[PDB]
Structure formats: C-alpha cells, structure tokens
Amino acid sequence: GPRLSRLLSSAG
Amino acid sequence: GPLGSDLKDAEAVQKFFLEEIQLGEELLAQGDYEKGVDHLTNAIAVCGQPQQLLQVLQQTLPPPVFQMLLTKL
C-alpha cells in the first residue's frame, strides 16, 4: 500500500 | 546560480524525494514493479546517505524486484 512510503521516509 | 546555492533548492529535492517514494510505492502496490523501481531509484539517487533506505528496501522488496532495483541503481 502507498503508506509504505512512511517507512521509506523514516530511513532518511 | 548553480544548483544547491539557493534556499529553495533543498526544499525542491526533499519534495522530489517524498513524491518519488510515494509514487514508487503506489506503483509497486499496483503490480507495476518496473516503473515503481524507476521512481524508487530516483529517490535513492538524490539521497546523500541511502544506506538505511537501501537496507529497508532489500528487507522489504521481493528479491527479483530488488534485483531489478540494483540494475537501475
């Protein structure tokens, strides 16, 4: 799902 | 002036990175692996230290898709 993107953002 | 010398440059790249990650993960969530990875590799490409990003990706992506990703790195 598209909110998976929050995980990738948290990686920095 | 050259890219990076303007205050607005840092904002544009942070927005670009968010957009590319959101777009990539939406495309992946539709089954379009190739275009999704295109966008994910754009996001990585503007990231100065993408170690954890790559690690999460390799953790989370199907392995043939992660292979695709590396090809497009």
# chains A, B, ... in the order shown; residues from 1 in each chain; ligands from 1

call {"tool": "interface_residues", "arguments": {"of": "chain A", "to": "chain B", "cutoff": "6 Å", "atoms": "only C-alpha atoms", "output": "list in words"}}
result
residues 1, 2, 5 and 11 of chain A

call {"tool": "select_by_dssp", "arguments": {"residues": "chain A", "states": "alpha helix (DSSP H)", "output": "VMD selection string"}}
result
chain A and resid 5 to 10

call {"tool": "write_last_selection", "arguments": {"atoms": "N, CA, C and O atoms", "output": "JSON list (two decimals), in the first residue's frame"}}
result
[["chain", "number", "residue", "atom", "x", "y", "z"],
["A", 5, "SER", "N", 5.31, 4.13, 2.04],
["A", 5, "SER", "CA", 6.20, 5.27, 1.83],
["A", 5, "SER", "C", 6.67, 5.94, 3.12],
["A", 5, "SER", "O", 7.73, 6.55, 3.12],
["A", 6, "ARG", "N", 5.89, 5.83, 4.20],
["A", 6, "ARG", "CA", 6.28, 6.42, 5.50],
["A", 6, "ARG", "C", 7.46, 5.68, 6.13],
["A", 6, "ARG", "O", 8.27, 6.26, 6.85],
["A", 7, "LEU", "N", 7.52, 4.38, 5.87],
["A", 7, "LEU", "CA", 8.64, 3.57, 6.31],
["A", 7, "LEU", "C", 9.91, 4.03, 5.57],
["A", 7, "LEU", "O", 10.96, 4.25, 6.18],
["A", 8, "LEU", "N", 9.80, 4.23, 4.26],
["A", 8, "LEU", "CA", 10.98, 4.63, 3.49],
["A", 8, "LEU", "C", 11.44, 6.04, 3.85],
["A", 8, "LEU", "O", 12.63, 6.31, 3.83],
["A", 9, "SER", "N", 10.50, 6.91, 4.21],
["A", 9, "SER", "CA", 10.83, 8.26, 4.70],
["A", 9, "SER", "C", 11.57, 8.25, 6.03],
["A", 9, "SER", "O", 12.45, 9.07, 6.26],
["A", 10, "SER", "N", 11.19, 7.32, 6.91],
["A", 10, "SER", "CA", 11.81, 7.22, 8.22],
["A", 10, "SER", "C", 13.27, 6.78, 8.16],
["A", 10, "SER", "O", 14.04, 7.04, 9.08]]

call {"tool": "atom_distance", "arguments": {"atom1": "CA of residue 16 (chain B)", "atom2": "CA of residue 68 (chain B)"}}
result
21.7 Å

call {"tool": "residues_around", "arguments": {"residues": "residue 41 (chain B)", "least_positions_apart": "4", "cutoff": "9 Å", "atoms": "only C-alpha atoms", "output": "PyMOL selection string"}}
result
chain B and resi 20-21+24+36-37+45-46+69-70+72-73

call {"tool": "atom_distance", "arguments": {"atom1": "CA of residue 35 (chain B)", "atom2": "CA of residue 14 (chain B)"}}
result
20.5 Å
